[PDB]
>>> print(open('entry-v1.cif').read())   # mmCIF, C-alpha atoms
data_run
loop_
_atom_site.label_atom_id
_atom_site.label_comp_id
_atom_site.auth_asym_id
_atom_site.auth_seq_id
_atom_site.Cartn_x
_atom_site.Cartn_y
_atom_site.Cartn_z
CA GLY A 1 0.00 0.00 0.00
CA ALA A 2 0.86 3.71 0.42
CA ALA A 3 3.63 4.86 2.79
CA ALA A 4 3.92 7.15 5.81
CA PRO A 5 6.90 8.74 7.70
CA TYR A 6 9.13 6.79 10.13
CA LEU A 7 6.61 4.77 12.16
CA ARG A 8 6.34 2.28 9.33
CA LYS A 9 9.50 1.15 7.55
CA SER A 10 10.51 2.39 4.09
CA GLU A 11 7.40 0.59 2.76
CA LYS A 12 7.45 2.48 -0.51
CA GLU A 13 10.10 -0.08 -1.50
CA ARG A 14 11.54 -0.37 -5.02
CA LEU A 15 11.94 -3.36 -7.36
CA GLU A 16 15.57 -2.74 -8.45
CA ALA A 17 15.95 -4.77 -11.66
CA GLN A 18 19.59 -5.63 -10.75
CA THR A 19 18.27 -8.32 -8.37
CA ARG A 20 16.18 -10.19 -11.00
CA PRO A 21 18.76 -12.11 -13.17
CA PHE A 22 19.72 -13.85 -9.88
CA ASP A 23 16.56 -16.00 -9.77
CA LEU A 24 18.23 -18.72 -11.89
CA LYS A 25 18.33 -20.81 -9.81
CA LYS A 26 20.96 -22.66 -7.76
CA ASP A 27 21.91 -20.38 -4.98
CA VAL A 28 21.69 -21.45 -1.34
CA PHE A 29 22.45 -20.52 2.27
CA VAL A 30 25.71 -21.44 3.88
CA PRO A 31 26.64 -21.09 7.57
CA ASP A 32 29.20 -18.36 8.37
CA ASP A 33 30.65 -17.02 11.65
CA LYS A 34 30.71 -13.32 10.69
CA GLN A 35 27.12 -12.67 9.64
CA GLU A 36 25.64 -16.10 10.48
CA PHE A 37 23.96 -17.37 7.30
CA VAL A 38 25.11 -16.12 3.91
CA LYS A 39 24.78 -16.76 0.17
CA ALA A 40 26.43 -19.63 -1.65
CA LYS A 41 26.12 -21.05 -5.14
CA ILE A 42 25.93 -24.69 -6.24
CA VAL A 43 28.69 -24.99 -8.87
CA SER A 44 28.81 -28.79 -9.21
CA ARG A 45 26.96 -31.56 -7.38
CA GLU A 46 28.73 -34.86 -6.60
CA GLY A 47 25.36 -36.62 -6.04
CA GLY A 48 24.93 -36.66 -2.22
CA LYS A 49 27.95 -34.39 -1.72
CA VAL A 50 28.09 -30.86 -3.14
CA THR A 51 30.74 -28.28 -4.01
CA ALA A 52 29.29 -24.94 -2.92
CA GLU A 53 31.36 -21.74 -2.66
CA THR A 54 30.19 -18.54 -0.89
CA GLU A 55 30.23 -14.72 -1.07
CA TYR A 56 33.94 -15.06 -0.12
CA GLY A 57 34.53 -17.43 -3.09
CA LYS A 58 36.10 -20.27 -1.08
CA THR A 59 35.09 -23.50 -2.73
CA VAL A 60 33.98 -26.21 -0.28
CA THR A 61 32.57 -29.75 -0.33
CA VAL A 62 29.28 -29.98 1.60
CA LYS A 63 26.61 -32.60 2.40
CA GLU A 64 23.27 -32.18 0.58
CA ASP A 65 20.94 -31.68 3.55
CA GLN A 66 22.47 -28.45 4.95
CA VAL A 67 21.66 -26.55 1.73
CA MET A 68 18.82 -24.13 2.56
CA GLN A 69 17.26 -22.68 -0.60
CA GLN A 70 17.39 -18.94 -1.34
CA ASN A 71 14.31 -16.87 -0.60
CA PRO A 72 14.39 -13.92 -3.06
CA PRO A 73 14.78 -10.22 -2.03
CA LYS A 74 11.11 -9.75 -3.10
CA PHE A 75 10.68 -9.71 0.71
CA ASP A 76 13.41 -7.25 1.70
CA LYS A 77 12.57 -4.57 4.30
CA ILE A 78 8.76 -4.80 4.19
CA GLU A 79 6.43 -4.26 7.18
CA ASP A 80 5.05 -7.74 7.88
CA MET A 81 6.75 -11.08 7.34
CA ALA A 82 3.86 -12.98 5.80
CA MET A 83 5.16 -13.07 2.20
CA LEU A 84 8.66 -14.52 2.80
CA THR A 85 8.35 -17.73 0.74
CA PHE A 86 11.05 -20.41 1.34
CA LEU A 87 10.80 -20.58 5.13
CA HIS A 88 14.04 -22.14 6.28
CA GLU A 89 16.15 -20.57 9.08
CA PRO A 90 18.47 -18.02 7.46
CA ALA A 91 15.76 -16.53 5.24
CA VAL A 92 14.28 -15.08 8.47
CA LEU A 93 17.50 -14.44 10.33
CA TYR A 94 18.88 -11.95 7.80
CA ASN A 95 15.58 -10.13 7.35
CA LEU A 96 14.98 -9.17 11.01
CA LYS A 97 18.59 -8.22 11.81
CA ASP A 98 18.44 -5.54 9.09
CA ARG A 99 14.97 -4.41 10.25
CA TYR A 100 16.14 -3.46 13.74
CA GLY A 101 19.20 -1.69 12.32
CA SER A 102 16.88 0.15 9.89
CA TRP A 103 15.33 1.79 13.01
CA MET A 104 12.14 -0.32 12.92
CA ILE A 105 12.16 -2.06 16.30
CA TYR A 106 8.71 -3.69 16.29
CA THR A 107 7.81 -5.75 13.19
CA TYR A 108 4.81 -7.78 12.04
CA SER A 109 5.57 -11.49 12.15
CA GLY A 110 1.80 -11.82 12.05
CA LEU A 111 -0.19 -10.84 15.15
CA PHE A 112 2.64 -12.24 17.31
CA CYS A 113 5.03 -9.42 16.32
CA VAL A 114 8.80 -9.22 16.90
CA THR A 115 10.49 -6.34 18.69
CA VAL A 116 14.23 -6.00 19.10
CA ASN A 117 14.68 -3.66 22.02
CA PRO A 118 16.23 -0.28 21.09
CA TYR A 119 16.91 0.96 24.64
CA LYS A 120 16.56 4.68 23.90
CA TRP A 121 13.72 7.19 24.25
CA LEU A 122 12.74 7.20 20.56
CA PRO A 123 10.50 10.16 19.61
CA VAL A 124 7.75 7.96 18.09
CA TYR A 125 5.39 7.94 21.10
CA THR A 126 4.23 11.55 20.65
CA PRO A 127 0.53 12.65 20.40
CA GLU A 128 1.17 13.48 16.70
CA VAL A 129 1.23 9.68 16.32
CA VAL A 130 -1.39 9.42 19.00
CA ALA A 131 -3.60 12.06 17.28
CA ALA A 132 -3.72 10.29 13.92
CA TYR A 133 -4.29 6.81 15.47
CA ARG A 134 -7.92 7.30 16.61
CA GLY A 135 -9.71 4.17 15.36
CA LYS A 136 -7.82 4.69 12.09
CA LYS A 137 -8.16 2.81 8.83
CA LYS B 1 23.50 -2.61 27.73
CA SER B 2 24.41 -0.37 24.77
CA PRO B 3 21.85 1.50 22.62
CA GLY B 4 21.70 0.80 18.87
CA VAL B 5 24.45 -1.87 18.98
CA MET B 6 23.66 -5.44 17.89
CA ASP B 7 25.71 -8.66 17.95
CA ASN B 8 25.37 -11.45 15.34
CA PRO B 9 26.37 -14.49 17.48
CA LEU B 10 23.70 -13.55 20.04
CA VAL B 11 20.93 -12.73 17.53
CA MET B 12 21.86 -15.82 15.50
CA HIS B 13 21.05 -17.95 18.45
CA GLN B 14 18.04 -15.91 19.64
CA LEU B 15 16.09 -16.03 16.35
CA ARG B 16 16.64 -19.79 16.34
CA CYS B 17 15.46 -19.87 19.98
CA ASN B 18 12.19 -17.83 20.04
CA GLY B 19 10.48 -20.26 17.60
CA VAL B 20 10.53 -17.35 15.12
CA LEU B 21 10.88 -19.61 12.05
CA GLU B 22 7.95 -21.97 12.72
CA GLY B 23 6.33 -18.80 14.16
CA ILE B 24 6.31 -17.14 10.71
CA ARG B 25 5.33 -20.42 9.00
CA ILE B 26 1.84 -20.24 10.57
CA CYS B 27 1.59 -16.50 11.29
CA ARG B 28 2.19 -15.71 7.62
CA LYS B 29 -1.55 -16.07 6.94
CA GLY B 30 -2.45 -15.40 10.62
CA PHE B 31 -4.65 -12.28 10.58
CA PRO B 32 -3.31 -9.37 12.71
CA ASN B 33 -6.50 -7.36 12.06
CA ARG B 34 -9.74 -8.66 13.57
CA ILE B 35 -13.04 -6.85 14.30
CA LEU B 36 -16.80 -7.61 13.95
CA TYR B 37 -18.50 -8.86 10.80
CA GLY B 38 -21.95 -7.32 11.56
CA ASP B 39 -20.32 -3.86 11.49
CA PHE B 40 -18.19 -4.39 8.36
CA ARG B 41 -21.28 -5.70 6.53
CA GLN B 42 -23.47 -2.79 7.65
CA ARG B 43 -20.70 -0.25 7.03
CA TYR B 44 -19.97 -1.37 3.43
CA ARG B 45 -23.59 -1.88 2.29
CA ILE B 46 -24.27 0.19 -0.82
CA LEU B 47 -20.75 -0.05 -2.35
CA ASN B 48 -22.38 -2.57 -4.72
CA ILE C 1 -36.59 26.16 -15.71
CA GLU C 2 -36.88 29.36 -13.60
CA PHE C 3 -38.08 30.35 -10.12
CA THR C 4 -41.72 30.83 -9.37
CA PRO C 5 -43.15 33.66 -7.16
CA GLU C 6 -43.46 31.24 -4.22
CA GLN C 7 -39.88 29.93 -4.70
CA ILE C 8 -38.46 33.48 -4.99
CA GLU C 9 -40.04 34.28 -1.58
CA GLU C 10 -38.50 31.12 -0.07
CA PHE C 11 -35.06 32.14 -1.38
CA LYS C 12 -35.49 35.78 -0.34
CA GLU C 13 -36.56 34.99 3.25
CA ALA C 14 -33.66 32.60 3.97
CA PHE C 15 -31.11 34.93 2.30
CA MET C 16 -32.34 38.00 4.23
CA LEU C 17 -31.98 35.95 7.44
CA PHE C 18 -28.39 35.03 6.54
CA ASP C 19 -27.39 38.68 6.24
CA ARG C 20 -25.85 38.97 9.72
CA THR C 21 -24.33 42.44 10.00
CA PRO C 22 -24.66 45.40 12.45
CA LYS C 23 -25.02 47.66 9.39
CA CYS C 24 -26.18 44.87 6.99
CA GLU C 25 -24.79 44.39 3.50
CA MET C 26 -26.86 41.57 1.84
CA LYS C 27 -24.20 38.83 1.45
CA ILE C 28 -23.57 35.21 2.38
CA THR C 29 -20.23 33.48 2.90
CA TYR C 30 -19.29 30.49 0.71
CA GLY C 31 -19.15 28.29 3.85
CA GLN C 32 -22.71 29.33 4.82
CA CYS C 33 -23.82 28.21 1.32
CA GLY C 34 -24.05 24.74 2.97
CA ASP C 35 -26.82 25.18 5.55
CA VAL C 36 -28.59 27.83 3.38
CA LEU C 37 -29.50 25.34 0.68
CA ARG C 38 -30.29 22.82 3.44
CA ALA C 39 -32.83 25.20 5.05
CA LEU C 40 -34.13 25.79 1.50
CA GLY C 41 -35.05 22.10 1.50
CA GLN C 42 -32.50 20.72 -1.00
CA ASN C 43 -30.40 17.97 0.64
CA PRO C 44 -26.80 18.22 -0.60
CA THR C 45 -23.40 16.73 0.22
CA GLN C 46 -20.58 19.21 0.99
CA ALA C 47 -19.35 17.95 -2.42
CA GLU C 48 -22.53 19.46 -3.94
CA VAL C 49 -21.90 22.74 -2.02
CA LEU C 50 -18.26 23.22 -3.11
CA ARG C 51 -19.24 22.24 -6.68
CA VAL C 52 -21.05 25.61 -6.95
CA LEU C 53 -18.34 27.61 -5.19
CA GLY C 54 -16.74 30.48 -7.15
CA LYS C 55 -13.53 30.08 -5.16
CA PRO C 56 -11.60 26.73 -4.95
CA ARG C 57 -11.86 27.11 -1.17
CA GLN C 58 -12.72 24.15 0.77
CA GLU C 59 -14.51 24.38 4.33
CA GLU C 60 -12.85 27.50 5.81
CA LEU C 61 -14.61 30.69 6.84
CA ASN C 62 -13.60 34.13 5.45
CA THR C 63 -12.92 33.41 1.69
CA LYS C 64 -15.64 34.63 -0.71
CA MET C 65 -18.98 36.40 -0.39
CA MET C 66 -21.88 35.84 -2.79
CA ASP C 67 -24.77 38.23 -3.50
CA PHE C 68 -28.40 37.17 -4.20
CA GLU C 69 -27.57 37.75 -7.90
CA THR C 70 -24.91 35.05 -7.51
CA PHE C 71 -26.83 32.85 -5.01
CA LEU C 72 -29.85 32.42 -7.31
CA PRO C 73 -27.83 31.02 -10.28
CA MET C 74 -26.57 28.62 -7.56
CA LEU C 75 -30.06 27.59 -6.42
CA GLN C 76 -31.34 27.38 -10.03
CA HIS C 77 -28.65 24.87 -10.77
CA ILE C 78 -29.13 22.80 -7.59
CA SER C 79 -32.82 22.09 -8.33
CA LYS C 80 -31.84 19.67 -11.16
CA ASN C 81 -30.68 16.79 -8.88
CA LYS C 82 -32.87 13.66 -8.91
CA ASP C 83 -31.12 11.18 -6.56
CA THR C 84 -32.26 12.43 -3.15
CA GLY C 85 -33.18 9.06 -1.57
CA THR C 86 -36.32 7.31 -0.34
CA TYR C 87 -37.02 5.10 2.73
CA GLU C 88 -36.63 1.67 1.15
CA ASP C 89 -32.97 2.17 0.10
CA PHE C 90 -32.20 2.65 3.81
CA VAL C 91 -34.29 -0.39 4.85
CA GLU C 92 -32.34 -2.61 2.42
CA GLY C 93 -29.10 -1.03 3.61
CA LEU C 94 -29.65 -1.30 7.38
CA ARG C 95 -30.88 -4.91 7.15
CA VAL C 96 -27.30 -6.03 6.27
CA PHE C 97 -26.28 -5.86 9.98
CA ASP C 98 -28.50 -8.88 10.76
CA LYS C 99 -27.13 -12.28 11.78
CA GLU C 100 -30.29 -14.03 13.13
CA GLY C 101 -33.24 -12.14 11.52
CA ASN C 102 -34.10 -9.81 14.45
CA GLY C 103 -33.74 -6.31 12.88
CA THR C 104 -32.29 -5.27 16.28
CA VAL C 105 -29.10 -3.20 16.73
CA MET C 106 -26.68 -2.93 19.66
CA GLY C 107 -25.75 0.62 20.76
CA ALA C 108 -21.94 0.49 20.24
CA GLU C 109 -22.27 -1.18 16.82
CA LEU C 110 -24.81 1.53 15.90
CA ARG C 111 -22.70 4.53 17.03
CA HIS C 112 -19.60 3.31 15.17
CA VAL C 113 -21.31 3.13 11.74
CA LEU C 114 -22.34 6.80 12.12
CA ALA C 115 -18.81 8.03 12.90
CA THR C 116 -16.55 6.18 10.46
CA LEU C 117 -17.13 6.55 6.71
CA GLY C 118 -18.62 9.43 4.70
CA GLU C 119 -19.14 13.11 5.59
CA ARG C 120 -19.41 11.61 9.10
CA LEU C 121 -20.87 12.62 12.45
CA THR C 122 -18.84 13.33 15.60
CA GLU C 123 -18.70 11.79 19.09
CA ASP C 124 -20.96 14.67 20.17
CA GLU C 125 -23.68 14.09 17.54
CA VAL C 126 -23.77 10.39 18.55
CA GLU C 127 -24.44 11.49 22.17
CA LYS C 128 -27.35 13.55 20.78
CA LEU C 129 -28.65 10.70 18.56
CA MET C 130 -28.84 8.35 21.58
CA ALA C 131 -29.68 9.65 25.07
CA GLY C 132 -31.89 6.73 26.19
CA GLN C 133 -34.21 5.67 27.49
CA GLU C 134 -34.21 2.57 29.70
CA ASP C 135 -33.05 -0.35 27.50
CA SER C 136 -29.98 -2.28 28.69
CA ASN C 137 -27.31 -4.48 27.04
CA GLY C 138 -28.64 -2.66 24.80
CA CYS C 139 -30.73 -2.66 21.65
CA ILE C 140 -32.39 -0.29 19.17
CA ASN C 141 -34.45 -1.40 16.12
CA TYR C 142 -34.08 -0.51 12.43
CA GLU C 143 -37.76 0.25 11.56
CA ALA C 144 -38.63 2.92 14.18
CA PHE C 145 -35.14 4.45 13.80
CA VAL C 146 -35.36 5.27 10.06
CA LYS C 147 -38.98 6.50 10.24
CA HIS C 148 -38.09 9.02 12.98
CA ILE C 149 -35.20 10.32 10.81
CA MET C 150 -37.52 10.94 7.85
CA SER C 151 -40.25 12.26 10.17
CA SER C 152 -37.76 14.97 11.39
#
>>> encode(input="entry-v1.cif", output="structure tokens")
Amino acid sequence: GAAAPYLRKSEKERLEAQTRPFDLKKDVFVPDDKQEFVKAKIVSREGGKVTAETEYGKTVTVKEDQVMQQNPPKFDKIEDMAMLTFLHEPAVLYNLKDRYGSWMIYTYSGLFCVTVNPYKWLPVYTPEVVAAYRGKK
Amino acid sequence: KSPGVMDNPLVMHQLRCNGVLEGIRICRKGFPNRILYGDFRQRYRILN
Amino acid sequence: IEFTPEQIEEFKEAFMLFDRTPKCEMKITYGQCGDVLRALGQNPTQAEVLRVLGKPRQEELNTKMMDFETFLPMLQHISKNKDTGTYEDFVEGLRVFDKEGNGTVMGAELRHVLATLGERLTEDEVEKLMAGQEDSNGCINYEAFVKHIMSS
């Protein structure tokens, strides 16, 4: 829908075409220490064993079952969570970490929302916000 | 206890720990808006 | 179409009333164009009011003044409207609330529909619309309600 100022996230998101040619189609999530879960590519599959690199290019032999499928940036920095498709671990992990940092503490993960405590008197709780929100649509 | 700062090792673990994954797997269709049907019917009426 | 001797008197009376001045001048504000026409008997939306406003002003007081020479070409235009409403549109409409075929309406559910969508009423006007008496937990009915509205 249509955006507001910083109460919502940057919900007038774009669809930057750069990201599109990536949906083709053998990229996966590898475990890292630095960020946690990152992006890898299947280069060659030895049947049950795989040779999957990473963002850092180091080529590694892996076992099939670890390979979590990539969940496209079609769900990057939106309000709710709902639409995130391939629901394995890292697909969620990345998305919330960058939500908190992007100043949006609270987030819709359905009704049972997620908040990552800011610890700071953020100027959101002012009666400007509490003037608009009177049984609002 | 620091404002704005985040750690990855901690958050890594915590998102795995608060059943957040499975939590989004159901609460992706789970309605966060919920009111009364009598009202919404009466309030929309002559749109059609 | 043009105004009859009876209609000209109706327009003159209301307009002369609207002239509120210690020294008089014979003008109406564009804002007051609302309730004028209403007292004249024509039932318009604020959309209908602003539609015949010389100035693209919206609601405020202290923009433009209109003479009777200007006001009449307003009235003469307004008379054309056909869709004013009946009773039976409202009966069909208000029946939609039902769940068990009772035609009965709870107080909270009834106040909310008045406030929310449209030109809208306020909290205050709801307090006026319902001030009793002596029915708890806490129902009105659709038939008697509408007929009192039309009755005035």
>>> residues_near_point(input="entry-v1.cif", point="(-33.3, 26.1, 0.0)", cutoff="8 Å", atoms="all atoms listed in the file", output="PyMOL selection string")
chain C and resi 10-11+14+36-42+75
>>> residues_around(input="entry-v1.cif", residues="residue 64 in chain C", least_positions_apart="3", cutoff="10 Å", atoms="all atoms listed in the file", output="list in words")
residues 27, 28, 29, 30, 31, 53, 54, 55, 56, 57 and 61 of chain C
>>> resolve_selection(input="entry-v1.cif", expression="the PyMOL selection byres ((chain B) within 7 of (chain A))", output="list in words")
residues 3, 4, 8, 12, 15, 21, 24, 25, 27, 28, 29, 30, 31 and 32 of chain B
>>> atom_distance(input="entry-v1.cif", atom1="CA of residue 150 in chain C", atom2="CA of residue 87 in chain C")
7.8 Å
>>> interface_residues(input="entry-v1.cif", of="chain A", to="chain C", cutoff="10 Å", atoms="all atoms listed in the file", output="ChimeraX atom specification")
/A:135-137
>>> residues_around(input="entry-v1.cif", residues="residue 23 in chain A", least_positions_apart="6", cutoff="10 Å", atoms="only C-alpha atoms", output="PDB file with C-alpha atoms, in the frame of the given file")
ATOM      1  CA  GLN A  70      17.390 -18.940  -1.340  1.00  0.00           C
ATOM      2  CA  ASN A  71      14.310 -16.870  -0.600  1.00  0.00           C
ATOM      3  CA  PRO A  72      14.390 -13.920  -3.060  1.00  0.00           C
ATOM      4  CA  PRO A  73      14.780 -10.220  -2.030  1.00  0.00           C
TER       5      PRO A  73
END
>>> resolve_selection(input="entry-v1.cif", expression="the PyMOL selection byres ((chain C) within 12 of (chain B))", output="list in words")
residues 89, 90, 91, 92, 93, 94, 95, 96, 97, 98, 99, 100, 103, 104, 105, 106, 107, 108, 109, 110, 111, 112, 113, 114, 115, 116, 117, 118 and 142 of chain C
>>> atom_distance(input="entry-v1.cif", atom1="CA of residue 139 in chain C", atom2="CA of residue 34 in chain B")
23.3 Å
>>> atom_distance(input="entry-v1.cif", atom1="CA of residue 19 in chain C", atom2="CA of residue 72 in chain C")
15.1 Å
>>> resolve_selection(input="entry-v1.cif", expression="the PyMOL selection byres ((chain A and resi 56-61) around 10)", output="PyMOL selection string")
chain A and resi 38-46+49-55+62-64
